[PDB]
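A lone chain, given as structure tokens: the form deposited in one PDB entry.
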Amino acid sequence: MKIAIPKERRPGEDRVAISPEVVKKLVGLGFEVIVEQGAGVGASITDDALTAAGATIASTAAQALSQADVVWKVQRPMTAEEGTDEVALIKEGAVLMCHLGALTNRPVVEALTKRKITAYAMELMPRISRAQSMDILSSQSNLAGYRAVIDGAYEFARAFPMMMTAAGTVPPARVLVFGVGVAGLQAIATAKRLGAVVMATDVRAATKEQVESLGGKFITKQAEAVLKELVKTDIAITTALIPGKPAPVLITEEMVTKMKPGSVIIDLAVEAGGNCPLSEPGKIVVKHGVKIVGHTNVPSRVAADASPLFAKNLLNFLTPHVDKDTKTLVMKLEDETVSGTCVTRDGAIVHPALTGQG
């Protein structure tokens, strides 16, 4: 009747799958909540904030998960091959809930299967209305979009808003968002509230409506229209990274050579190759007088807000299956969100694309 949350061990990860308010709800459901010491420090969540909420602190990940019936993590557990065998720390037959990156991480699913662990890959949450509150892709990408604007403004040597002053007028910055998904949408909104002239481009002609509702201008030869804007653009933000596929090239370095010195490019797709071939994971590349920034775990750059949201997504997914009167958890297998996220259970891999080498 124990749920455990370890500290994230993968490099670049500062989020944690828990928050004081979720600890309280979990305790209210009848759970004993165990958190590894310092697991939330990166997200501004102290051990004492956790214990005040009802959680108990374990000194290590092994002790935290030793007798846990349920384990909540942010990123998929590490296998012996990657260093620390976290999969081994999960009790055989236990339940794991996390962003498993299942589709592109067959080895982790196999490792979990050997220990007969039931794993729910949160990133596979079905796209149904009643599941939006359990959607981790949505909650994290939204913060990533906001963060993109903050990092761009930070690296930019000019101020974003137009300023009328006694010494003259400070022109507003011009921003061009590539890709109008959850992240792109928030980038537009944040770049807009900061005072910039915001442009946006996306192949899906259905996005123009959303861009305009936020006060942005949709760019309507096509590459010629984008280029005309790009050469005037101060901050270019790309957000097109389609899972299970290389990031689409949206800004060639030929185009970057046409940009104005001092410009900034935020490449949120650097992880999959980047929408700009010049971006490098975890670095800020200075080329042709342009800064090409490609930070690695953007939502982690907003860890303090990302963590509580991630914990809530998890809580919303688990809550419907808990009988707080008997203090028992029974994941209803017929529930669409359960069957949809389960990739392995009782020693059997259930996702069709992860049973062998394709």
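Throughout, rigid core stands for the largest set of C-alpha atoms superposing within 1.5 Å between the two forms. Residue numbers run from 1 along the displayed sequence.
The form deposited in another entry exists for this protein as well; it is not shown, and the discussion that follows is about that form.
Colleague: Compare C-alpha positions between the shown form and the other one after fitting on the rigid core and state which of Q63, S44, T328, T296 moves by at least 2 angstroms.
Modeller: The one that moves 2 Å or more is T328.
Colleague: Once you line up the core, how about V231: does its CA shift reach 2 Å between the shown form and the other one?
Modeller: No; that C-alpha moves by less than 2 Å between the shown form and the other one.
Colleague: Superposing on the rigid core, does the Cα of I242 end up 2 Å or more away between the shown form and the other one?
Modeller: Comparing the forms between the shown form and the other one, which are aligned on their rigid core, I242 does shift its C-alpha by 2 Å or more.
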